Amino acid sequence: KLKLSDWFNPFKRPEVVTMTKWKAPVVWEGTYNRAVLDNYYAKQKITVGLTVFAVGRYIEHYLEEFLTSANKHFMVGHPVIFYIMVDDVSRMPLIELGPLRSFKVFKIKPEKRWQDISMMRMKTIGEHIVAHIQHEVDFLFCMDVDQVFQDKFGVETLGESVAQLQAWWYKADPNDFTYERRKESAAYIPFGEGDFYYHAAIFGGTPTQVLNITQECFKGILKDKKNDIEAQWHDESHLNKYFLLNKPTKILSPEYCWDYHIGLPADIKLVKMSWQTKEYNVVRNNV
């Protein structure tokens, strides 16, 4: 029923990439008509899910801020379910939620290496999608916990498969992208190939699509382990390989996941989400 032109106007942002060669829109501030989309989705009575992992000190350092900002800005006006995965439920910061927000917490096993904690999310998310998320929501977003919502992050971001443009490389050329370049890895992307550099901090789509994204990425992660190699940027390297092979039906501009360390250039009109300063010395316990 919904057609791209119904809610997307690329001409509102002529100075940036608004359309991919495969006709997927790149959502920038100014190009979307949220009112039209809210009405459309509200009539379908959709529910949107959001998964977030917090293992170790990531809990105390970022979970409350993430949840509090999500409650305030994520898909306002629509039912939302926050799926919280932590290794220690007793440290779960139970904040007060607002209208249309609800949640559930799951205790997970903490992997030894932070690299595996980050990558195991792919296996875990898949298991939960099959077990219950597929029956609970129409769209699902999987996000890093080390970031905070700054403004409305709404229905204009929904789609079959959604990818996020990484803030530092959205204007670079593919051969400058930090893809995994070793042919021995399942995440390998040869120079001369690639569309964009996607950030693994945010990705989503329908439960069916996210299930395939996560399943394929974990298959690549497991394969590399058998070949004694680990992608340079772990799950992000694999996610980029996946989105190269299976193009996302929608892409979000850096405005949806911005790093203020860069400053605030002209292209970034309204920040919906921002990066948390890195604190590896404290939140990570290995290499």
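In this text, residue numbers run from 1 along the sequence as written. Only the largest set of C-alpha atoms that superpose within 1.5 Å between the two forms is called the rigid core.
- Farther on average from this form in 6 other deposited structures of this protein lies stretch 111 to 119, the comparison being between 136 to 144 and 111 to 119 by RMS Cα distance after core superposition.
- Higher mean CA B-factor, judged across 34 to 42 and 247 to 255 from the recorded values: 34 to 42.
- The stretch with the higher mean CA B factor, choosing between 160 to 168 and 110 to 118, is 110 to 118.
- Per the PDB entry, 94 shows the highest C-alpha temperature factor of the residues 140, 80, 94, 202.
- Annotation for residue 181: CA B-factor lies in the middle third of the chain's modelled residues.
- Residue 209 sits in the middle third of its chain by CA B factor, as recorded in the PDB entry.
- The PDB entry assigns residue 236 a C-alpha temperature factor belonging to the lowest third of its chain's modelled residues.
- Among all modelled residues in this chain, the alpha-carbon of residue 148 has a temperature factor (C-alpha) in the lowest third.
- In the PDB entry, a CA B factor belonging to the lowest third of its chain's modelled residues is recorded for residue 271.
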